[PDB]
There are 2 protein chains.
Amino acid sequence: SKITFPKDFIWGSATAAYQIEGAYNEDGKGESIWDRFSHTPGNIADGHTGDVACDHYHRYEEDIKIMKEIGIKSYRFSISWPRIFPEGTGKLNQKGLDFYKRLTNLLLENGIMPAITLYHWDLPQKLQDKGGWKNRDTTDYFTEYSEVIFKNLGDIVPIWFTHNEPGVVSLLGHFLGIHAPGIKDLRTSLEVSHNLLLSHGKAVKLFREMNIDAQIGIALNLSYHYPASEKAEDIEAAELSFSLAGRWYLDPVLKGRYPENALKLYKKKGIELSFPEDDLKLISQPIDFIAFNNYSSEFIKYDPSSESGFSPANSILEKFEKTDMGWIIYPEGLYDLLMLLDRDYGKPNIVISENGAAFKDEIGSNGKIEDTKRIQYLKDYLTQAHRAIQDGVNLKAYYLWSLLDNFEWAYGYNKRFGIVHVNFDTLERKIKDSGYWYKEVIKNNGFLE
Amino acid sequence: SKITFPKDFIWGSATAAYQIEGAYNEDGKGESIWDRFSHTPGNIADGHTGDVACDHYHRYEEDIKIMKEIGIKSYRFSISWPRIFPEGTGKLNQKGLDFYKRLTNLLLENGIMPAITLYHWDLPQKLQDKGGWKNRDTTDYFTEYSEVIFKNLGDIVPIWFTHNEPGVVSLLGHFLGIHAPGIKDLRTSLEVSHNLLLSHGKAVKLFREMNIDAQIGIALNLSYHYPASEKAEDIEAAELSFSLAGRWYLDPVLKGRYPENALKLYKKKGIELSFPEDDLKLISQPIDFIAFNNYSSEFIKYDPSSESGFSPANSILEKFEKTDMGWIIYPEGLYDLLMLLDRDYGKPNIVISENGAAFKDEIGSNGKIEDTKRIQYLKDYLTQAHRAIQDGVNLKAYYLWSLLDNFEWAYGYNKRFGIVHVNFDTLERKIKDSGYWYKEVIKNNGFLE
């Protein structure tokens with residue numbers, strides 16, 4: 001029927017600093033927890049690292065020329081804290097500022113709109129030696145680094161994101177220890193989650209003290225959690241999952257409270273931590289939008305066997321086509337989530353910081369990546385993005401993960417979310433057909449479903 | 001019978017940069033191969049690191065005050081290449097220069113004589129990413145860093161050392177892989193040995209050209225290798241040891257050649273390497289003294305089972321008292337060595353860069369270390385040091401390993417060579433009776449054995 005998005009609708013594409021930049025020990029960059037986690041056997045697939053990656057630190061001219069060829073209206077990227085403070089606090093590395101100052105000024109001049117994320121998982125490894133995000137002092141040092149970025153880049157950068165997916169940091173990084181910094185303790189994982197949100201609060205508070213003419217938010221990891229069957233135990237098992245997962249960070253930020261059903265689950269395993277009541281008021285600090293990262297959806301069943309009181313319903317999930325990551329494809333799962341954010345947090349302004357997919361790419365005998373599946377995935381999800389805007393959602397932006405094939409954390413370079421293929425041996429970019437598609441979607445401001 | 005050393009004789013004590021300094025990521029210091037090797041499980045005992053160590057970087061005032069309170073006339077220490085050049089070459093780091101500038105000036109102003117080692121194993125990790133010592137271009141970068149140190153600290157600082165124990169670096173670090181950078185390939189272990197020596201040559205050749213009013217040398221790991229029995233297979237086995245071990249580095253430096261018997265061992269397992277045979281004239285470059293590091297002596301027997309063609313004669317070695325390291329005590333094994341270097345290399349000027357011993361220390365109820373064994377060890381070895389000077393040897397200096405308790409590489413902090421006890425929780429120095437002994441031994445010159 002032709003879908004057309006709002007005229008003012010910002011199209012964009014996203015990347016992260018460690019994932020693409022490289023140059024892990026150049027121009028006075030301090031070590032990050034990821035440099036350190038990446039160097040140790042057993043952590044990354046095939047013993048990959050982010051030492052070189054896409055080498056975006058040197059080749060950012062070539063990238064921007066590509067970005068403009070496709071003609072994205074907004075490039076979402078991450079600032080490396082260790083390039084701005086190698087020691088987390090103290091001596092400013094002016095080289096690392098200049099790089100991001102330059103990059104932003106090349107974006108503005110090429111008519112592309114900058115969208116900065118202030119913490120995309122790096123954490124200087126020096127703050128990790130004094131406890132990292134467990135040491136509350138880190139939340140102040142985050143604010144110092146936030147301050148210096150705002151002074152320099154404040155006004156000229158419209159869209160800000162304090163943190164990317166604090167959910168995965170605390171869960172994978174501090175409880176399961178298959179992300180950096182590789183810690184494995186439940187109590188610590190909950191102390192960090194708080195200390196992260198607090199750090200978001202302190203940045204917003206400072207962002208209002210300075211009065212930067214720009215919009216700030218927080219990028220959360222969010223999926224819809226559907227019950228396995230419309231039965232009291234399974235509906236409740238799902239509501240507890242979403243609470244432990246995405247509502248644990250949504251409710252403190254937007255409702256100035258932690259979800260009760262989750263908190264009860266923690267104390268039933270003999271764990272309470274007395275969050276000071278003032279900290280939640282500081283976390284709840286009003287924000288100009290909520291941003292989130294979606295890819296799939298979860299199907300939870302009741303399970304006394306898991307100490308959680310629930311588990312995935314693998315019976316149901318083995319009915320969907322799966323991405324290369326093993327994650328189900330379910331486009332409507334996006335719509336229902338948008339509607340959940342609309343009908344639980346007061347019709348806020350919504351941004352999509354990340355949405356995309358990972359399929360096995362090849363360069364064919366024609367020297368081209370014909371990733372019809374990625375394209376299929378994309379347009380399916382974007383039809384449900386549109387559907388939600390039609391039914392009254394305030395979705396202001398869509399950022400495609402990712403612009404470039406990059407370092408996918410504990411999977412290494414074995415998974416490609418890029419719309420621009422990157423050969424990690426030659427560092428040659430080949431714009432995918434999902435790149436050329438996206439270009440036309442931005443131009444036409446839609447596609448004929 | 002009282003022994004008295006020459007009146008000019010320089011008494012000293014020795015430490016290394018990574019073993020005491022700490023501040024492993026402060027004031028722009030680049031990562032080293034040791035920082036990297038320490039941070040990986042299964043390398044260092046009890047997962048110990050040199051991240052903090054004795055924290056000499058911040059507490060050097062205190063450590064000089066002690067150095068002056070005890071006699072010592074010269075302090076031998078190591079400069080961290082990564083503090084000078086974080087990337088091994090290119091951008092300076094003036095904060096790293098100023099630290100070692102300031103340190104040396106406090107030594108000259110407290111009437112103590114500086115003795116600098118230029119490479120004590122902390123190769124910048126960036127150069128290890130481009131092949132490290134196996135990439136010949138590291139032997140040029142070594143010279144660049146040497147240049148900058150000579151410009152600033154050349155004429156002041158009388159004693160220099162190009163390398164520390166390049167025998168261990170190549171054997172442990174690049175064949176056995178139990179030292180940094182952890183590599184396990186024989187071929188690569190000999191290519192590095194050559195590249196290290198070559199790097200020594202280039203530094204001495206650059207020294208002079210600049211015309212620095214001071215003496216340069218090289219600190220080599222050196223024992224004596226006694227045959228198990230006075231038999232043709234055992235005498236020869238012992239000669240082939242030594243040749244692999246210490247002579248491999250002695251002969252190239254002082255004779256301009258590699259030991260034949262050894263080279264013949266390496267071609268018998270199908271391994272040659274084309275020495276450009278003019279590098280060897282650059283390595284052989286005359287040098288003002290030869291320095292070495294002795295602790296024990298080896299007793300080799302013939303062994304067709306060991307693909308070496310020899311092994312330790314455990315039958316004999318189990319008749320000596322043993323240090324905490326498991327190394328035999330044999331004082332006369334110093335003398336015979338001091339006669340072997342005196343005979344076979346043209347009565348050179350000799351320095352002892354290191355001697356000392358590791359015994360289990362306790363703080364008694366009197367809050368004092370009564371390390372009678374360390375004192376016993378010391379005086380036993382020094383008596384044979386004297387004996388060699390009486391029988392003609394040109395031994396100009398003795399440096400006690402070590403001033404402080406430190407990071408003993410793969411053994412962690414489990415081993416104490418120090419004459420100054422260091423508590424690696426509090427960082428409190430308690431001078432170790434062996435310390436107080438050594439103060440009197442410097443003041444009255446020798447001692448009554």
# chains A, B, ... in the order shown; residues from 1 in each chain; ligands from 1
>>> residues_around(residues="residue 350 of chain B", least_positions_apart="2", cutoff="8 Å", atoms="only C-alpha atoms", output="PyMOL selection string")
chain B and resi 289-291+348+352+393-397
>>> closest_atom_pairs(of="chain B", to="chain A", cutoff="8 Å", atoms="only C-alpha atoms", output="CSV")
residue,atom,partner,partner_atom,distance
B:25,CA,A:126,CA,7.1
B:26,CA,A:87,CA,6.7
B:27,CA,A:91,CA,8.0
B:28,CA,A:28,CA,6.4
B:30,CA,A:25,CA,7.5
B:36,CA,A:39,CA,7.9
B:39,CA,A:36,CA,7.8
B:40,CA,A:40,CA,5.6
B:41,CA,A:40,CA,7.8
B:86,CA,A:28,CA,7.6
B:87,CA,A:26,CA,7.0
B:126,CA,A:25,CA,7.2
>>> write_last_selection(atoms="N, CA, C and O atoms", output="PDB file, in the first residue's frame")
ATOM      1  N   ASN B  25      50.060   1.828  34.700  1.00  0.00           N
ATOM      2  CA  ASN B  25      49.209   2.518  33.689  1.00  0.00           C
ATOM      3  C   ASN B  25      49.033   3.991  34.068  1.00  0.00           C
ATOM      4  O   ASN B  25      47.966   4.546  33.769  1.00  0.00           O
ATOM      5  N   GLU B  26      50.046   4.593  34.689  1.00  0.00           N
ATOM      6  CA  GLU B  26      49.975   5.969  35.233  1.00  0.00           C
ATOM      7  C   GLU B  26      50.869   6.851  34.363  1.00  0.00           C
ATOM      8  O   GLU B  26      51.739   6.282  33.673  1.00  0.00           O
ATOM      9  N   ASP B  27      50.591   8.159  34.345  1.00  0.00           N
ATOM     10  CA  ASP B  27      51.393   9.243  33.699  1.00  0.00           C
ATOM     11  C   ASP B  27      51.824   8.864  32.270  1.00  0.00           C
ATOM     12  O   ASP B  27      52.906   9.333  31.827  1.00  0.00           O
ATOM     13  N   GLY B  28      50.986   8.090  31.564  1.00  0.00           N
ATOM     14  CA  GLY B  28      51.094   7.836  30.114  1.00  0.00           C
ATOM     15  C   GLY B  28      51.921   6.612  29.802  1.00  0.00           C
ATOM     16  O   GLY B  28      52.198   6.374  28.624  1.00  0.00           O
ATOM     17  N   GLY B  30      52.902   3.305  28.526  1.00  0.00           N
ATOM     18  CA  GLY B  30      52.335   2.265  27.648  1.00  0.00           C
ATOM     19  C   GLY B  30      52.398   0.890  28.282  1.00  0.00           C
ATOM     20  O   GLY B  30      53.231   0.684  29.148  1.00  0.00           O
ATOM     21  N   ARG B  36      51.006  -7.456  30.230  1.00  0.00           N
ATOM     22  CA  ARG B  36      50.152  -8.367  29.427  1.00  0.00           C
ATOM     23  C   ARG B  36      50.234  -9.796  29.967  1.00  0.00           C
ATOM     24  O   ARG B  36      49.167 -10.431  30.098  1.00  0.00           O
ATOM     25  N   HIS B  39      48.659 -10.407  33.535  1.00  0.00           N
ATOM     26  CA  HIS B  39      47.183 -10.232  33.558  1.00  0.00           C
ATOM     27  C   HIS B  39      46.453 -11.479  33.044  1.00  0.00           C
ATOM     28  O   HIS B  39      45.217 -11.491  33.093  1.00  0.00           O
ATOM     29  N   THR B  40      47.174 -12.502  32.591  1.00  0.00           N
ATOM     30  CA  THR B  40      46.584 -13.744  32.036  1.00  0.00           C
ATOM     31  C   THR B  40      46.703 -14.869  33.058  1.00  0.00           C
ATOM     32  O   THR B  40      47.772 -15.092  33.609  1.00  0.00           O
ATOM     33  N   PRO B  41      45.614 -15.600  33.378  1.00  0.00           N
ATOM     34  CA  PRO B  41      45.704 -16.746  34.286  1.00  0.00           C
ATOM     35  C   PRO B  41      46.724 -17.800  33.823  1.00  0.00           C
ATOM     36  O   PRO B  41      46.935 -17.965  32.624  1.00  0.00           O
ATOM     37  N   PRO B  86      55.580   5.021  25.102  1.00  0.00           N
ATOM     38  CA  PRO B  86      54.446   4.116  25.293  1.00  0.00           C
ATOM     39  C   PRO B  86      54.198   3.215  24.078  1.00  0.00           C
ATOM     40  O   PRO B  86      53.796   2.090  24.285  1.00  0.00           O
ATOM     41  N   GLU B  87      54.460   3.728  22.870  1.00  0.00           N
ATOM     42  CA  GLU B  87      54.290   3.009  21.576  1.00  0.00           C
ATOM     43  C   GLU B  87      55.623   2.428  21.068  1.00  0.00           C
ATOM     44  O   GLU B  87      55.634   1.969  19.906  1.00  0.00           O
ATOM     45  N   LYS B 126      53.293  -2.793  22.153  1.00  0.00           N
ATOM     46  CA  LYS B 126      52.996  -2.376  20.755  1.00  0.00           C
ATOM     47  C   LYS B 126      54.005  -3.002  19.791  1.00  0.00           C
ATOM     48  O   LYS B 126      53.577  -3.380  18.688  1.00  0.00           O
TER      49      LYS B 126
END
>>> atom_distance(atom1="atom CA of residue 161 of chain B", atom2="atom CA of residue 119 of chain B")
8.1 Å
>>> residues_around(residues="residue 113 of chain A", least_positions_apart="2", cutoff="8 Å", atoms="only C-alpha atoms", output="list in words")
residues 73, 74, 75, 107, 108, 111, 115, 157 and 158 of chain A
>>> write_last_selection(atoms="N, CA and C atoms", output="CSV table (one decimal), in the first residue's frame")
chain,number,residue,atom,x,y,z
A,73,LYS,N,20.8,10.3,7.8
A,73,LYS,CA,20.5,11.6,8.3
A,73,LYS,C,21.1,11.8,9.8
A,74,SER,N,21.5,10.6,10.4
A,74,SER,CA,22.1,10.6,11.7
A,74,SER,C,23.0,9.4,12.0
A,75,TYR,N,24.2,9.6,12.3
A,75,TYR,CA,25.3,8.6,12.7
A,75,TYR,C,25.4,8.6,14.2
A,107,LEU,N,31.2,15.3,10.2
A,107,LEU,CA,29.8,14.8,10.1
A,107,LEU,C,28.9,16.1,9.8
A,108,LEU,N,29.0,17.1,10.7
A,108,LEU,CA,28.2,18.3,10.6
A,108,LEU,C,28.4,18.9,9.2
A,111,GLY,N,26.6,17.2,6.4
A,111,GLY,CA,25.1,17.3,6.5
A,111,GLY,C,24.5,16.1,7.2
A,115,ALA,N,25.0,11.7,16.9
A,115,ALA,CA,24.3,11.1,18.0
A,115,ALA,C,25.3,10.3,18.8
A,157,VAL,N,25.9,18.8,19.1
A,157,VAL,CA,25.4,17.4,19.0
A,157,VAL,C,24.0,17.3,19.6
A,158,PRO,N,23.0,17.1,18.7
A,158,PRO,CA,21.6,17.2,19.2
A,158,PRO,C,21.2,16.0,20.2
>>> atom_distance(atom1="atom CA of residue 206 of chain B", atom2="atom CA of residue 8 of chain B")
29.0 Å
>>> select_by_dssp(residues="segment 138-305 of chain A", states="helix (DSSP H, G or I)", output="PyMOL selection string")
chain A and resi 138-153+166-176+186-209+232-254+260-267+277-284
>>> select_by_dssp(residues="segment 361-403 of chain A", states="strand (DSSP E or B)", output="number ranges by chain")
A: 395-401
>>> write_last_selection(atoms="N, CA, C and O atoms", output="PDB file, in the first residue's frame")
ATOM      1  N   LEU A 395       7.526   7.638  18.071  1.00  0.00           N
ATOM      2  CA  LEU A 395       8.839   7.096  17.630  1.00  0.00           C
ATOM      3  C   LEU A 395       9.485   8.112  16.675  1.00  0.00           C
ATOM      4  O   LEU A 395       9.003   8.251  15.542  1.00  0.00           O
ATOM      5  N   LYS A 396      10.526   8.816  17.131  1.00  0.00           N
ATOM      6  CA  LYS A 396      11.100   9.995  16.426  1.00  0.00           C
ATOM      7  C   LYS A 396      12.283   9.599  15.540  1.00  0.00           C
ATOM      8  O   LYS A 396      12.608  10.387  14.630  1.00  0.00           O
ATOM      9  N   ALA A 397      12.911   8.447  15.803  1.00  0.00           N
ATOM     10  CA  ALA A 397      14.154   8.032  15.111  1.00  0.00           C
ATOM     11  C   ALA A 397      14.265   6.514  15.004  1.00  0.00           C
ATOM     12  O   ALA A 397      13.776   5.833  15.903  1.00  0.00           O
ATOM     13  N   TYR A 398      14.913   6.044  13.934  1.00  0.00           N
ATOM     14  CA  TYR A 398      15.360   4.643  13.749  1.00  0.00           C
ATOM     15  C   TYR A 398      16.837   4.600  13.354  1.00  0.00           C
ATOM     16  O   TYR A 398      17.154   5.094  12.273  1.00  0.00           O
ATOM     17  N   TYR A 399      17.679   3.976  14.189  1.00  0.00           N
ATOM     18  CA  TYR A 399      19.129   3.754  13.941  1.00  0.00           C
ATOM     19  C   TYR A 399      19.393   2.273  13.631  1.00  0.00           C
ATOM     20  O   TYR A 399      19.235   1.405  14.493  1.00  0.00           O
ATOM     21  N   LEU A 400      19.833   2.002  12.408  1.00  0.00           N
ATOM     22  CA  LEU A 400      20.165   0.635  11.941  1.00  0.00           C
ATOM     23  C   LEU A 400      21.515   0.197  12.544  1.00  0.00           C
ATOM     24  O   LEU A 400      22.544   0.868  12.312  1.00  0.00           O
ATOM     25  N   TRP A 401      21.494  -0.898  13.306  1.00  0.00           N
ATOM     26  CA  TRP A 401      22.693  -1.678  13.701  1.00  0.00           C
ATOM     27  C   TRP A 401      22.954  -2.741  12.633  1.00  0.00           C
ATOM     28  O   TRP A 401      22.077  -3.543  12.325  1.00  0.00           O
TER      29      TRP A 401
END
>>> residues_around(residues="residue 270 of chain A", least_positions_apart="5", cutoff="12 Å", atoms="only C-alpha atoms", output="number ranges by chain")
A: 186-187, 263-265
>>> residues_around(residues="segment 192-197 of chain A", least_positions_apart="5", cutoff="6 Å", atoms="only C-alpha atoms", output="VMD selection string")
chain A and resid 133 to 134 170
>>> atom_distance(atom1="atom CA of residue 255 of chain A", atom2="atom CA of residue 280 of chain A")
9.1 Å
>>> residues_around(residues="residue 436 of chain B", least_positions_apart="6", cutoff="12 Å", atoms="only C-alpha atoms", output="number ranges by chain")
B: 66-67, 69-72, 368-372, 375, 403, 419-420, 430, 442-443
>>> residues_around(residues="residue 2 of chain A", least_positions_apart="6", cutoff="12 Å", atoms="only C-alpha atoms", output="ChimeraX atom specification")
/A:379,383,386,441,444-449
>>> closest_residue(among="B:20, B:282, B:245, B:159", to="residue 171 of chain B", atoms="only C-alpha atoms")
B:245
>>> closest_residue(among="B:402, B:174, B:246, B:191", to="residue 378 of chain B", atoms="only C-alpha atoms")
B:402
>>> closest_residue(among="B:376, B:293, B:274, B:110", to="residue 353 of chain B", atoms="only C-alpha atoms")
B:293
>>> closest_residue(among="A:49, A:221, A:349, A:414", to="residue 165 of chain A", atoms="only C-alpha atoms")
A:221
